[PDB]
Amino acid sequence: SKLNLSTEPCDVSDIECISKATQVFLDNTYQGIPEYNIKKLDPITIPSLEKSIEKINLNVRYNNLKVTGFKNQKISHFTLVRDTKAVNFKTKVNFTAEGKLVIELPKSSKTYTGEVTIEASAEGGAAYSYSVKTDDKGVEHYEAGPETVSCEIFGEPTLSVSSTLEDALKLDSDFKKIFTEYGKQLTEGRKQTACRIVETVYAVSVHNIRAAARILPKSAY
């Protein structure tokens, strides 16, 4: 004993332990473990994110967004309320989302498609509670319930486009009319989109904790 640095399962009031077990898990599962219903988190591809601001007459659609950086996410807060087994934790993350942008200008019947890269620094949070459930036939497991995700962005995301796509947009009068009169709100849109990426990926990562809690007994508590 005297010098035991052996890790062992956490006591329910042992918060920095459970926080740390949450971190070890994230760090060793971001590649995915499909054998146990654990999804990849870095890289993670978001297939589609369509969006339409009316009647500023513009549709913007991000396609096949490859998101990287979540492997590096670091827990910044971790609450566990023993009465409800209610969990709340936040991580800090810097990600890059890389894919295709489609800009449609419906009143002109035009479309442009080029490469896009978004980068943000954020802090996202997840809140949910555990129930212990049957759960099949004598095996009892923790069951994480539906979560709420928060999103805070630090600074302003950088949005970056191919230079051919910049040129095409600069040279389009319908788009320029919008950028000139509504530049503000487009810039808004960019922060909404960062929070959408964050929401999407944090739901996956809680899916993963949820999937792990189903397999385990878990006197890994």
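So that there is no doubt, residue numbering starts at 1 and follows the sequence shown.
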property	result
Selected stretch [higher average CA B-factor]: 35-43 or 157-165	157-165
Given 143-151 and 69-77, the range whose Cα B-factors average higher in the PDB entry	143-151
Which of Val93, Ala97, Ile103, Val132 ranks first by CA B-factor in the deposited coordinates	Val132
Candidate residues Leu186, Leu26, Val60, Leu171, the one whose C-alpha B factor the record puts highest	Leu186
Position of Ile15 among the chain's modelled residues by C-alpha B-factor, lowest, middle or highest third	highest
B-factor third for the C-alpha atom of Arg196 within its chain	middle
Where the record places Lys177 (Cα B-factor, split into thirds across the chain)	middle
Relative C-alpha B-factor of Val116, binned into the chain's lowest, middle or highest third	lowest
